[PDB]
There are 2 protein chains.
Amino acid sequence: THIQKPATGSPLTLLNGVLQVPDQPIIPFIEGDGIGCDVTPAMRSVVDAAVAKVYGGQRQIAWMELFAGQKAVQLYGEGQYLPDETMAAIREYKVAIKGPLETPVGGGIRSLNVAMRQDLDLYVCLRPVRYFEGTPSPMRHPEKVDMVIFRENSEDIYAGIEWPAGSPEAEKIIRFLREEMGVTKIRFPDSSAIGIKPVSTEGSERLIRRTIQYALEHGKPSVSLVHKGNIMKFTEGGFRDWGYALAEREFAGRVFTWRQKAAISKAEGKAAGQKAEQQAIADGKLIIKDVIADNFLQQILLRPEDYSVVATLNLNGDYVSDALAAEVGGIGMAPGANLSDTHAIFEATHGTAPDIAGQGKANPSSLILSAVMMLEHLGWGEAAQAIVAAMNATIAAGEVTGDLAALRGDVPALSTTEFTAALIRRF
Amino acid sequence: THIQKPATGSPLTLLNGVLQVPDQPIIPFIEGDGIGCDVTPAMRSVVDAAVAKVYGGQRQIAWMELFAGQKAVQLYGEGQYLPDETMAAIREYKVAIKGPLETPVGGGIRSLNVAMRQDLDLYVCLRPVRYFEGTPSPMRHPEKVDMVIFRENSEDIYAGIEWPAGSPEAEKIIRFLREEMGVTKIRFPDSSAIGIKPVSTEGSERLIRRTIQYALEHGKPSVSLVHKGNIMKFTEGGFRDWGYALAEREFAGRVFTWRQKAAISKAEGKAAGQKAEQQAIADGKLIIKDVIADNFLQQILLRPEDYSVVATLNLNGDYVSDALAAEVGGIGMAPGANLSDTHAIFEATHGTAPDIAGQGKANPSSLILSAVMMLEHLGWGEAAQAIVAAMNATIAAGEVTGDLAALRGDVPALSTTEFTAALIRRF
Ligand SMILES: NC(=O)c1ccc[n+]([C@@H]2O[C@H](COP(=O)([O-])OP(=O)(O)OC[C@H]3O[C@@H](n4cnc5c(N)ncnc54)[C@H](O)[C@@H]3O)[C@@H](O)[C@H]2O)c1
Ligand SMILES: NC(=O)c1ccc[n+]([C@@H]2O[C@H](COP(=O)([O-])OP(=O)(O)OC[C@H]3O[C@@H](n4cnc5c(N)ncnc54)[C@H](O)[C@@H]3O)[C@@H](O)[C@H]2O)c1
C-alpha cells in the first residue's frame with residue numbers, strides 16, 4: 001500500500017437509500033497527468049476556503065490521495081497505471097474527484113478514464129454547461145447557453161472492442177462477418193481494422209430514464225434525444241426509439257413527445273400536431289424531442305436557447321460537450337460527474353493539456369465547478385453556492401486565466417495561482 | 001424507362017484521360033425530396049443565367065433529369081427509391097448534381113445518399129466552408145473561417161453494417177465475439193444492437209493522399225488529420241498513423257509533419273521541435289498536423305483561423321461540416337462534392353428540411369455553390385466566378401433567405417424565388 005487513510009476523517013456510507021455524509025468526510029482525490037498538477041491543488045484550495053467560510057470549521061473535507069497514471073507508475077512500478085487499491089478505495093469511499101489522465105493515440109493502454117467509468121458502472125456522464133457572466137467567448141450571445149448533458153457512459157464504441165488492420169484477429173472477425181453474417185459492405189476487407197459498436201435497450205433506457213427524471217425534478221422545459229439514427233439505425237436509432245417508448249410508458253401523461261406529435265399529425269394534419277404541442281407547453285408538460293446529431297451541432301450554435309436537457313450516446317456526448325463548452329469559453333469552463341446509482345467520480349471535461357503542462361497556466365474552473373457538483377452531491381449546498389457566487393464575481397470582474405484571455409484583445413491573463421487567489425479573496 | 005437523353009446535348013468525354021466538355025454538355029440532375037423542389041430549380045436558373053451571360057449563348061447546359069427518392073417511387077413504382085437506370089446514367093455522363101434525399105430513422109431504407117457514394121466509389125466528400133462577407137452569423141468573427149473538409153466517403157460506420165437488439169443475428173455475432181474473440185466489454189450482451197466500423201489502410205490512404213494533393217496545389221498552409229484515435233485506436237488512430245506515414249513517404253521535401261516534429265522533440269527537446277516547425281513554415285512546407293475529434297470541435301470555434309484543410313473519417317466529417325457551416329450562417333451556405341477519380345456528384349451539405357418544405361423558404365445557396373464547384377470541375381471557370389461574384393454582392397447587400405435573416409435582427413427574409421431573382425440581377 002501507498003495510500004493513507006486520513007486521521008480525522010470518516011467515510012461516507014449508504015443506509016437504507018440515503019448517502020450518509022459525516023462533517024469530516026473522507027474524499028479521495030487523484031491529481032491527474034499534465035495540468036492535473038495545477039488544477040487539483042487549486043481546486044482543493046478553493047473548496048477548503050469555501051467550506052471554512054460557510055460552516056466556520058464545523059465541517060472539513062478530509063482529502064485522501066489515490067494514484068493513477070504517471071504518478072501511479074512512478075510510485076507502484078511499470079504498468080501500474082491503475083492500482084487495484086485505487087479502485088477498491090473509490091468503491092469503499094463512494095465519491096472521488098480526479099484530474100485528467102493521459103490516453104495514448106493509436107496504441108498503448110486503454111483509457112483509464114473510461115476504465116474507471118466501466119469498472120464502477122458509472123453509466124451517467126453528467127455535464128452542465130452554462131455561461132458565467134463576462135466570460136470571453138467566440139459567440140455573439142453565449143448567455144443563451146444553459147444546458148445539461150446526460151451522456152451514456154457504459155457502452156457505445158467506447159467499449160474499446162477493436163482489432164488492428166492485418167492482424168490475425170481482424171482477419172478472423174472479417175471472415176466471420178463475410179462468411180457467416182453475410183456482410184457485403186466492407187469496402188477494403190484486406191486492410192480493414194474493425195471496431196464494434198454495442199448499444200442496448202437496457203443501457204439506453206437507464207440513461208434516458210435518469211435524464212427525464214432530472215428534467216422533471218428541476219422544472220426543465222425539454223429533453224432532446226440526439227442520435228445519428230438514420231445511418232446507425234439499430235444502435236443510435238434504437239436509442240431514440242427506446243427513449244420515446246420509455247418516456248411514454250414510464251411518464252405517461254407527464255411528458256409530450258415528438259413521437260406523439262407525429263402520430264397526431266399523421267392522422268389529423270400538421271396544425272393539429274402543432275396545437276397539441278402548444279397545449280402541452282402551456283400545461284407545464286416536459287417536452288421530449290429528438291435531433292439528428294449533425295444538425296444538432298448546427299442548432300446548438302444557431303439557437304442554443306431552444307435546448308435545455310440533452311440525452312445522448314457516449315461518442316455523441318463527448319463531441320457535444322466540447323462544442324458546447326467552446327461557446328462559453330472552452331473546456332476550461334466545463335465541469336462533469338460520472339455517476340452510477342451509488343457512486344460518483346467528479347472530473348472536468350478537459351484533458352491533460354500537454355501544450356500548457358508545467359507552465360502554471362491552466363484554468364482550474366472546470367475542476368472547481370466539478371467540486372461544486374461534488375459538494376451538491378454531499379448535501380453541502382451552501383459551500384457549493386459560495387463557490388459559484390465567487391466564480392460569477394471573479395469572471396465578471398475580468399479576472400481570468402489565459403485560455404479565456406486569448407479570446408479577447410481587451411482581457412489580460414492571470415496564472416492558475418493568480419486566478420485561484422482572485423477567487424478565494426472574494427469569499 | 002422514365003428518363004430521356006436531351007435532344008441538343010452531347011456527353012462529356014475524355015482525351016488522354018482528361019475531361020472533355022462540349023459547349024452543350026449533358027448534365028444529369030436529381031431534384032431531391034422536400035426542399036429539393038425549391039433549391040434545384042433555383043440552382044438551374046442561376047447556373048443557366050450565368051452561363052448565358054459569360055459565354056454569350058455559345059454554351060448551354062443540357063439538363064437531364066434522373067430520379068431518386070419519393071419522385072422515383074411515384075414514377076417507377078413502390079420500393080423504387082433508386083432505379084438502376086439512375087446510377088447507370090450517372091456512370092455514363094460522369095457528372096451530376098442532386099438535391100437532398102430522405103433517409104428514415106430507426107429503420108426503413110438505407111440512405112440513398114450513401115448508396116450513390118458507395119456504388120460509384122465517390123470516396124472523397126469535399127466540402128469547402130468559407131464566410132461570405134455580410135452573412136448573419138452566431139459568431140463574433142466568422143470571417144476567420146476558411147477551410148476545406150476532405151471527408152472519407154466510402155467506409156467507417158457508414159457502411160451500414162448492423163443488426164437490431166434481440167435479433168437472431170445480433171445474438172449470433174455477440175456469441176461469436178464473446179466465445180471466439182474473447183470480448184468481455186459488452187455491458188449488456190442480452191439486449192445490445194451491434195454496429196460494425198471498418199476503417200482501412202487503403203481507404204484512409206487514398207482520401208488523405210487526395211487531401212494533401214489539394215492542399216499543395218492550392219497553396220494551403222496545413223492539413224489537419226482529425227480522429228478519435230485515443231479511444232478508437234486501430235480505426236481512427238490507424239487513420240492518423242497511416243496518414244502521417246503516407247505524407248512522409250509520398251510528399252517528402254514538401255511537407256513537415258507533427259510525427260517528424262515529435263521525433264525532433266524527443267531527441268533534442270521541444271525547443272528544437274518548435275524551431276524545426278518554424279523553419280518548415282518559413283521554407284514554404286505544408287504542415288501536417290492532427291487533432292483529437294472532440295478538441296477539434298472546440299478549436300474550430302475558439303480559433304478556426306489556425307486551420308485550413310482537414311482530412312477526416314466519414315462520421316467525423318459529417319459532424320464537422322455542420323458545426324463549421326453554422327459559423328458562417330448554417331447549412332444553407334455549405335456546398336459539397338462527392339468525387340471518385342473519374343466521376344462526380346455535386347450536392348449540398350443539407351437535408352430535406354421538413355420544417356420548411358413546401359413553403360418556398362429554403363436557402364438555395366448551398367446547392368448553387370455546389371454547382372459553382374461543378375462548373376469549375378467542367379473547366380467553365382468564368383461562369384463559376386460570375387456566380388460567386390453575384391453571391392458575394394447579394395449577401396453583402398443584405399438580400400438573404402429566412403435561415404440567415406433569423407440570425408440577426410432588422411434583416412428581412414426573402415423567399416427562395418426572391419433570392420434567386422436577386423442573385424440573377426447581378427449578372
Ligand atoms: N477525462 C480526462 O482525463 C480526459 C479528457 C479529455 C482528454 N484527455 C486526454 O488528454 C490528452 C490530451 O488530449 P487533447 O490535447 O486532445 O485535449 P486537452 O483537453 O488535454 O487539451 C485540448 C486543448 O484545450 C486546452 N485546455 C484543456 N484544458 C484546459 C484548461 N483547464 N485550461 C486551459 N486550457 C485548457 C489545452 O491547452 C489544449 O490546447 C489525451 O491523452 C486525452 O486522452 C483526458
Ligand atoms: N445529402 C443529403 O441528401 C442529406 C443531408 C443531410 C440530411 N439528409 C436527410 O434529410 C432529412 C432531414 O434531416 P434533418 O432534419 O436532421 O436535417 P436537415 O438538413 O434537412 O434540416 C436541419 C435544419 O436545417 C435547416 N435547413 C437545412 N437546409 C436548409 C436550407 N437550404 N435553407 C434553410 N434552412 C435549411 C432546416 O430548416 C432544419 O431546421 C433526413 O432524412 C436526413 O437523412 C440528407
# chains A, B, ... in the order shown; residues from 1 in each chain; ligands from 1
>>> residues_around(residues="stretch 331-345 of chain B", least_positions_apart="3", cutoff="9 Å", atoms="only C-alpha atoms", output="JSON list (two decimals) with N, CA and C atoms, in the first residue's frame")
[["chain", "number", "residue", "atom", "x", "y", "z"],
["A", 295, "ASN", "N", -27.12, 17.84, -37.42],
["A", 295, "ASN", "CA", -27.98, 19.03, -37.34],
["A", 295, "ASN", "C", -27.97, 19.58, -35.91],
["A", 298, "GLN", "N", -25.29, 21.97, -35.51],
["A", 298, "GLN", "CA", -25.71, 23.24, -36.12],
["A", 298, "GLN", "C", -26.65, 24.03, -35.21],
["B", 19, "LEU", "N", -10.93, 15.18, -68.90],
["B", 19, "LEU", "CA", -12.33, 15.52, -69.18],
["B", 19, "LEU", "C", -12.52, 16.48, -70.36],
["B", 90, "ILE", "N", -25.58, 8.13, -64.51],
["B", 90, "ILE", "CA", -24.51, 8.92, -63.91],
["B", 90, "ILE", "C", -23.15, 8.35, -64.30],
["B", 91, "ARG", "N", -23.07, 7.02, -64.37],
["B", 91, "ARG", "CA", -21.84, 6.38, -64.80],
["B", 91, "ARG", "C", -21.51, 6.80, -66.22],
["B", 93, "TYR", "N", -22.66, 9.63, -67.89],
["B", 93, "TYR", "CA", -22.48, 11.06, -68.12],
["B", 93, "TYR", "C", -21.40, 11.69, -67.23],
["B", 94, "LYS", "N", -20.88, 10.92, -66.28],
["B", 94, "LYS", "CA", -19.73, 11.31, -65.45],
["B", 94, "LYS", "C", -19.91, 12.42, -64.40],
["B", 95, "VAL", "N", -20.86, 13.32, -64.61],
["B", 95, "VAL", "CA", -21.05, 14.40, -63.64],
["B", 95, "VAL", "C", -22.53, 14.68, -63.48],
["B", 96, "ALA", "N", -22.95, 14.84, -62.23],
["B", 96, "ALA", "CA", -24.34, 15.09, -61.89],
["B", 96, "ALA", "C", -24.45, 15.97, -60.65],
["B", 97, "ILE", "N", -25.63, 16.55, -60.45],
["B", 97, "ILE", "CA", -25.88, 17.36, -59.27],
["B", 97, "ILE", "C", -27.22, 16.94, -58.70],
["B", 98, "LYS", "N", -27.30, 16.78, -57.38],
["B", 98, "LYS", "CA", -28.53, 16.33, -56.77],
["B", 98, "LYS", "C", -28.96, 17.17, -55.58],
["B", 116, "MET", "N", -25.42, 6.00, -53.28],
["B", 116, "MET", "CA", -24.85, 6.51, -54.52],
["B", 116, "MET", "C", -23.34, 6.63, -54.40],
["B", 117, "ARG", "N", -22.91, 7.15, -53.25],
["B", 117, "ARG", "CA", -21.49, 7.29, -52.99],
["B", 117, "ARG", "C", -20.76, 5.96, -53.07],
["B", 120, "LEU", "N", -20.70, 4.33, -56.89],
["B", 120, "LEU", "CA", -19.75, 4.94, -57.81],
["B", 120, "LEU", "C", -18.38, 5.12, -57.16],
["B", 121, "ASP", "N", -18.24, 4.62, -55.94],
["B", 121, "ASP", "CA", -16.99, 4.72, -55.19],
["B", 121, "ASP", "C", -16.50, 6.16, -55.13],
["B", 122, "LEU", "N", -17.40, 7.10, -54.84],
["B", 122, "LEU", "CA", -17.00, 8.50, -54.75],
["B", 122, "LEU", "C", -16.42, 8.71, -53.37],
["B", 123, "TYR", "N", -15.17, 8.33, -53.20],
["B", 123, "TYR", "CA", -14.57, 8.26, -51.88],
["B", 123, "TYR", "C", -14.17, 9.58, -51.24],
["B", 124, "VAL", "N", -14.17, 10.66, -52.00],
["B", 124, "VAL", "CA", -13.89, 11.97, -51.43],
["B", 124, "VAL", "C", -15.21, 12.73, -51.26],
["B", 125, "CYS", "N", -15.51, 13.18, -50.05],
["B", 125, "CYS", "CA", -16.62, 14.11, -49.87],
["B", 125, "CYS", "C", -15.89, 15.43, -49.59],
["B", 126, "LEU", "N", -15.96, 16.35, -50.53],
["B", 126, "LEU", "CA", -15.22, 17.61, -50.48],
["B", 126, "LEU", "C", -16.14, 18.77, -50.12],
["B", 127, "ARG", "N", -15.93, 19.38, -48.96],
["B", 127, "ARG", "CA", -16.80, 20.47, -48.51],
["B", 127, "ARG", "C", -16.02, 21.72, -48.08],
["B", 128, "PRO", "N", -15.93, 22.70, -48.96],
["B", 128, "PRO", "CA", -15.27, 23.98, -48.62],
["B", 128, "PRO", "C", -16.23, 24.82, -47.81],
["B", 129, "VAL", "N", -15.75, 25.37, -46.71],
["B", 129, "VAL", "CA", -16.58, 26.25, -45.89],
["B", 129, "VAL", "C", -15.85, 27.57, -45.72],
["B", 130, "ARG", "N", -16.47, 28.65, -46.19],
["B", 130, "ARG", "CA", -15.91, 29.98, -46.02],
["B", 130, "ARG", "C", -17.02, 30.97, -45.74],
["B", 131, "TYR", "N", -16.62, 32.14, -45.25],
["B", 131, "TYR", "CA", -17.56, 33.19, -44.88],
["B", 131, "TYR", "C", -17.79, 34.17, -46.03],
["B", 132, "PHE", "N", -19.05, 34.39, -46.38],
["B", 132, "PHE", "CA", -19.43, 35.42, -47.34],
["B", 132, "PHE", "C", -19.63, 36.71, -46.55],
["B", 153, "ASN", "N", -15.44, 8.99, -47.66],
["B", 153, "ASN", "CA", -16.81, 8.79, -48.13],
["B", 153, "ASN", "C", -17.15, 7.35, -48.55],
["B", 321, "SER", "N", -18.67, 19.20, -40.61],
["B", 321, "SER", "CA", -19.26, 20.01, -41.66],
["B", 321, "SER", "C", -20.40, 20.85, -41.14],
["B", 322, "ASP", "N", -21.24, 20.28, -40.28],
["B", 322, "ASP", "CA", -22.38, 21.05, -39.78],
["B", 322, "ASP", "C", -21.93, 22.11, -38.80],
["B", 323, "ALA", "N", -20.95, 21.79, -37.96],
["B", 323, "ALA", "CA", -20.51, 22.77, -36.98],
["B", 323, "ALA", "C", -19.85, 23.96, -37.68],
["B", 324, "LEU", "N", -19.00, 23.67, -38.66],
["B", 324, "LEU", "CA", -18.32, 24.72, -39.40],
["B", 324, "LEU", "C", -19.33, 25.55, -40.18],
["B", 325, "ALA", "N", -20.29, 24.89, -40.82],
["B", 325, "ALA", "CA", -21.31, 25.60, -41.59],
["B", 325, "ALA", "C", -22.06, 26.62, -40.70],
["B", 326, "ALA", "N", -22.40, 26.19, -39.49],
["B", 326, "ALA", "CA", -23.13, 27.08, -38.59],
["B", 326, "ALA", "C", -22.40, 28.39, -38.35],
["B", 328, "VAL", "N", -20.76, 30.12, -40.40],
["B", 328, "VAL", "CA", -20.89, 31.06, -41.49],
["B", 328, "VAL", "C", -22.33, 31.17, -41.98],
["B", 348, "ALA", "N", -25.45, 19.62, -51.92],
["B", 348, "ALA", "CA", -25.34, 20.45, -50.73],
["B", 348, "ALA", "C", -25.10, 19.60, -49.49],
["B", 349, "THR", "N", -24.57, 20.25, -48.45],
["B", 349, "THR", "CA", -24.38, 19.58, -47.17],
["B", 349, "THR", "C", -25.72, 19.28, -46.49],
["B", 350, "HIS", "N", -26.74, 20.08, -46.78],
["B", 350, "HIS", "CA", -28.02, 19.99, -46.07],
["B", 350, "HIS", "C", -28.98, 18.88, -46.51],
["B", 351, "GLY", "N", -29.99, 18.65, -45.67],
["B", 351, "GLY", "CA", -31.00, 17.66, -45.93],
["B", 351, "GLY", "C", -32.29, 18.20, -46.51],
["B", 362, "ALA", "N", -36.51, 27.82, -48.46],
["B", 362, "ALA", "CA", -35.15, 27.30, -48.42],
["B", 362, "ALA", "C", -34.08, 28.16, -49.09],
["B", 363, "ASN", "N", -32.93, 28.26, -48.43],
["B", 363, "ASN", "CA", -31.76, 28.92, -48.98],
["B", 363, "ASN", "C", -31.14, 28.02, -50.07],
["B", 364, "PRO", "N", -31.15, 28.46, -51.32],
["B", 364, "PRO", "CA", -30.58, 27.65, -52.38],
["B", 364, "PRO", "C", -29.08, 27.89, -52.53],
["B", 365, "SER", "N", -28.47, 28.70, -51.67],
["B", 365, "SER", "CA", -27.04, 28.97, -51.79],
["B", 365, "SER", "C", -26.14, 27.72, -51.74],
["B", 366, "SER", "N", -26.42, 26.78, -50.85],
["B", 366, "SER", "CA", -25.59, 25.57, -50.78],
["B", 366, "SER", "C", -25.54, 24.85, -52.12],
["B", 367, "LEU", "N", -26.71, 24.62, -52.71],
["B", 367, "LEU", "CA", -26.73, 23.87, -53.98],
["B", 367, "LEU", "C", -26.12, 24.73, -55.11],
["B", 368, "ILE", "N", -26.38, 26.03, -55.08],
["B", 368, "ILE", "CA", -25.79, 26.93, -56.09],
["B", 368, "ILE", "C", -24.28, 26.89, -56.02],
["B", 369, "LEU", "N", -23.75, 26.91, -54.80],
["B", 369, "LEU", "CA", -22.31, 26.91, -54.61],
["B", 369, "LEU", "C", -21.73, 25.54, -54.93],
["B", 370, "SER", "N", -22.57, 24.50, -54.84],
["B", 370, "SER", "CA", -22.16, 23.17, -55.26],
["B", 370, "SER", "C", -22.05, 23.17, -56.80],
["B", 371, "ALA", "N", -22.98, 23.86, -57.46],
["B", 371, "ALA", "CA", -22.92, 23.99, -58.93],
["B", 371, "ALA", "C", -21.71, 24.83, -59.34],
["B", 372, "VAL", "N", -21.30, 25.77, -58.48],
["B", 372, "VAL", "CA", -20.06, 26.51, -58.73],
["B", 372, "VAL", "C", -18.88, 25.52, -58.78],
["B", 373, "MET", "N", -18.87, 24.60, -57.83],
["B", 373, "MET", "CA", -17.84, 23.56, -57.84],
["B", 373, "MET", "C", -17.97, 22.73, -59.13],
["B", 374, "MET", "N", -19.20, 22.44, -59.53],
["B", 374, "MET", "CA", -19.42, 21.66, -60.75],
["B", 374, "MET", "C", -18.84, 22.39, -61.97],
["B", 377, "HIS", "N", -15.30, 22.17, -62.11],
["B", 377, "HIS", "CA", -14.96, 20.79, -62.49],
["B", 377, "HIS", "C", -15.02, 20.67, -64.01],
["B", 403, "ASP", "N", -33.35, 31.63, -43.23],
["B", 403, "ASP", "CA", -32.40, 30.95, -42.35],
["B", 403, "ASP", "C", -31.34, 31.93, -41.88],
["B", 404, "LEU", "N", -30.92, 32.83, -42.76],
["B", 404, "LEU", "CA", -29.92, 33.82, -42.39],
["B", 404, "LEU", "C", -30.58, 35.00, -41.67]]
>>> residues_around(residues="residue B:21", least_positions_apart="2", cutoff="9 Å", atoms="only C-alpha atoms", output="number ranges by chain")
B: 10-14, 19, 23-25, 378-379
>>> write_last_selection(atoms="C-alpha atoms", output="PDB file, in the first residue's frame")
ATOM      1  CA  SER B  10     -23.593  15.816 -76.063  1.00  0.00           C
ATOM      2  CA  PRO B  11     -21.994  13.658 -73.354  1.00  0.00           C
ATOM      3  CA  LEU B  12     -18.829  14.512 -71.539  1.00  0.00           C
ATOM      4  CA  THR B  13     -15.901  12.600 -72.992  1.00  0.00           C
ATOM      5  CA  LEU B  14     -12.220  12.071 -72.469  1.00  0.00           C
ATOM      6  CA  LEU B  19     -12.328  15.525 -69.183  1.00  0.00           C
ATOM      7  CA  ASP B  23     -20.357  23.510 -75.341  1.00  0.00           C
ATOM      8  CA  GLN B  24     -23.733  21.863 -74.746  1.00  0.00           C
ATOM      9  CA  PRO B  25     -22.857  19.224 -72.139  1.00  0.00           C
ATOM     10  CA  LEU B 378     -16.146  21.345 -66.071  1.00  0.00           C
ATOM     11  CA  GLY B 379     -13.488  23.999 -66.671  1.00  0.00           C
TER      12      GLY B 379
END
>>> select_by_dssp(residues="stretch 51-281 of chain B", states="alpha helix (DSSP H)", output="ChimeraX atom specification")
/B:51-55,70-76,84-93,112-119,168-179,201-217,236-250,258-268,270-281
>>> interface_residues(of="chain B", to="chain A", cutoff="7 Å", atoms="only C-alpha atoms", output="PyMOL selection string")
chain B and resi 103-107+111+138-140+154-155+158-165+185-188+191-203+229-235+237-238+294-295+297-298+301-302+318-319+322-323+326+330
>>> select_by_dssp(residues="stretch 232-395 of chain A", states="strand (DSSP E)", output="list in words")
residues 255, 256, 257, 286, 287, 288, 289, 290, 291, 292, 309, 310, 311, 312, 337, 338, 339, 344, 345, 346 and 347 of chain A
>>> write_last_selection(atoms="N, CA and C atoms", output="PDB file, in the first residue's frame")
ATOM      1  N   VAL A 255     -45.352  13.908 -19.901  1.00  0.00           N
ATOM      2  CA  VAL A 255     -44.489  14.410 -20.955  1.00  0.00           C
ATOM      3  C   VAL A 255     -45.279  14.518 -22.243  1.00  0.00           C
ATOM      4  N   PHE A 256     -44.792  15.319 -23.177  1.00  0.00           N
ATOM      5  CA  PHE A 256     -45.345  15.317 -24.530  1.00  0.00           C
ATOM      6  C   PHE A 256     -44.151  15.097 -25.464  1.00  0.00           C
ATOM      7  N   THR A 257     -44.261  14.146 -26.383  1.00  0.00           N
ATOM      8  CA  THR A 257     -43.108  13.815 -27.216  1.00  0.00           C
ATOM      9  C   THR A 257     -43.368  14.036 -28.666  1.00  0.00           C
ATOM     10  N   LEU A 286     -43.306  18.472 -19.690  1.00  0.00           N
ATOM     11  CA  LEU A 286     -41.974  18.307 -20.233  1.00  0.00           C
ATOM     12  C   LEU A 286     -42.060  17.815 -21.688  1.00  0.00           C
ATOM     13  N   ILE A 287     -41.367  18.504 -22.590  1.00  0.00           N
ATOM     14  CA  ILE A 287     -41.309  18.096 -23.987  1.00  0.00           C
ATOM     15  C   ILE A 287     -40.123  17.156 -24.229  1.00  0.00           C
ATOM     16  N   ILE A 288     -40.369  16.039 -24.898  1.00  0.00           N
ATOM     17  CA  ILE A 288     -39.279  15.173 -25.289  1.00  0.00           C
ATOM     18  C   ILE A 288     -39.181  15.224 -26.821  1.00  0.00           C
ATOM     19  N   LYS A 289     -38.050  15.679 -27.330  1.00  0.00           N
ATOM     20  CA  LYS A 289     -37.857  15.802 -28.770  1.00  0.00           C
ATOM     21  C   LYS A 289     -36.552  15.119 -29.168  1.00  0.00           C
ATOM     22  N   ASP A 290     -36.227  15.151 -30.449  1.00  0.00           N
ATOM     23  CA  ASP A 290     -35.014  14.492 -30.863  1.00  0.00           C
ATOM     24  C   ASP A 290     -34.424  15.245 -32.050  1.00  0.00           C
ATOM     25  N   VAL A 291     -33.106  15.174 -32.176  1.00  0.00           N
ATOM     26  CA  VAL A 291     -32.406  15.881 -33.232  1.00  0.00           C
ATOM     27  C   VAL A 291     -31.328  14.985 -33.803  1.00  0.00           C
ATOM     28  N   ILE A 292     -31.204  14.944 -35.128  1.00  0.00           N
ATOM     29  CA  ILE A 292     -30.102  14.163 -35.697  1.00  0.00           C
ATOM     30  C   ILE A 292     -28.773  14.881 -35.384  1.00  0.00           C
ATOM     31  N   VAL A 309     -32.224  20.146 -21.573  1.00  0.00           N
ATOM     32  CA  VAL A 309     -31.596  18.895 -21.191  1.00  0.00           C
ATOM     33  C   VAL A 309     -31.390  18.032 -22.427  1.00  0.00           C
ATOM     34  N   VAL A 310     -30.243  17.376 -22.474  1.00  0.00           N
ATOM     35  CA  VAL A 310     -29.868  16.540 -23.605  1.00  0.00           C
ATOM     36  C   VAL A 310     -29.537  15.129 -23.144  1.00  0.00           C
ATOM     37  N   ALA A 311     -30.092  14.144 -23.837  1.00  0.00           N
ATOM     38  CA  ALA A 311     -29.759  12.756 -23.560  1.00  0.00           C
ATOM     39  C   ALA A 311     -29.110  12.215 -24.823  1.00  0.00           C
ATOM     40  N   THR A 312     -27.903  11.686 -24.703  1.00  0.00           N
ATOM     41  CA  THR A 312     -27.249  11.135 -25.878  1.00  0.00           C
ATOM     42  C   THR A 312     -26.288   9.999 -25.551  1.00  0.00           C
ATOM     43  N   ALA A 337     -19.557  15.033 -13.915  1.00  0.00           N
ATOM     44  CA  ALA A 337     -19.650  13.996 -12.902  1.00  0.00           C
ATOM     45  C   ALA A 337     -19.952  12.671 -13.582  1.00  0.00           C
ATOM     46  N   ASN A 338     -19.331  11.598 -13.100  1.00  0.00           N
ATOM     47  CA  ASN A 338     -19.592  10.257 -13.614  1.00  0.00           C
ATOM     48  C   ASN A 338     -20.353   9.580 -12.502  1.00  0.00           C
ATOM     49  N   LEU A 339     -21.614   9.220 -12.746  1.00  0.00           N
ATOM     50  CA  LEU A 339     -22.473   8.680 -11.694  1.00  0.00           C
ATOM     51  C   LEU A 339     -23.056   7.320 -11.990  1.00  0.00           C
ATOM     52  N   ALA A 344     -19.812   8.010  -7.317  1.00  0.00           N
ATOM     53  CA  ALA A 344     -19.569   9.208  -8.137  1.00  0.00           C
ATOM     54  C   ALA A 344     -18.106   9.565  -8.253  1.00  0.00           C
ATOM     55  N   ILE A 345     -17.663   9.872  -9.477  1.00  0.00           N
ATOM     56  CA  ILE A 345     -16.337  10.400  -9.714  1.00  0.00           C
ATOM     57  C   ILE A 345     -16.542  11.736 -10.430  1.00  0.00           C
ATOM     58  N   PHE A 346     -16.115  12.811  -9.777  1.00  0.00           N
ATOM     59  CA  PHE A 346     -16.231  14.170 -10.302  1.00  0.00           C
ATOM     60  C   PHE A 346     -14.966  14.434 -11.082  1.00  0.00           C
ATOM     61  N   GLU A 347     -15.100  15.073 -12.232  1.00  0.00           N
ATOM     62  CA  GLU A 347     -13.989  15.142 -13.175  1.00  0.00           C
ATOM     63  C   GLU A 347     -14.332  16.170 -14.244  1.00  0.00           C
TER      64      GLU A 347
END
>>> residues_around(residues="residue B:384", least_positions_apart="2", cutoff="6 Å", atoms="only C-alpha atoms", output="list in words")
residues 372, 375, 381, 382, 386 and 387 of chain B
>>> write_last_selection(atoms="C-alpha atoms", output="PDB file, in the first residue's frame")
ATOM      1  CA  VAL B 372     -20.057  26.514 -58.730  1.00  0.00           C
ATOM      2  CA  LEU B 375     -18.649  24.483 -63.210  1.00  0.00           C
ATOM      3  CA  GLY B 381     -14.338  28.940 -64.542  1.00  0.00           C
ATOM      4  CA  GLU B 382     -15.762  32.222 -65.844  1.00  0.00           C
ATOM      5  CA  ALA B 386     -19.629  35.016 -62.035  1.00  0.00           C
ATOM      6  CA  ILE B 387     -21.983  33.175 -59.669  1.00  0.00           C
TER       7      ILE B 387
END
>>> closest_residue(among="B:223, B:245, B:115, B:66", to="ligand 2", atoms="only C-alpha atoms and all ligand atoms")
B:115
>>> atom_distance(atom1="atom CA of residue A:358", atom2="atom CA of residue B:266")
16.9 Å
>>> atom_distance(atom1="atom CA of residue B:85", atom2="atom CA of residue B:29")
13.2 Å
>>> closest_residue(among="B:143, B:306, B:38, B:283", to="ligand 1", atoms="only C-alpha atoms and all ligand atoms")
B:306
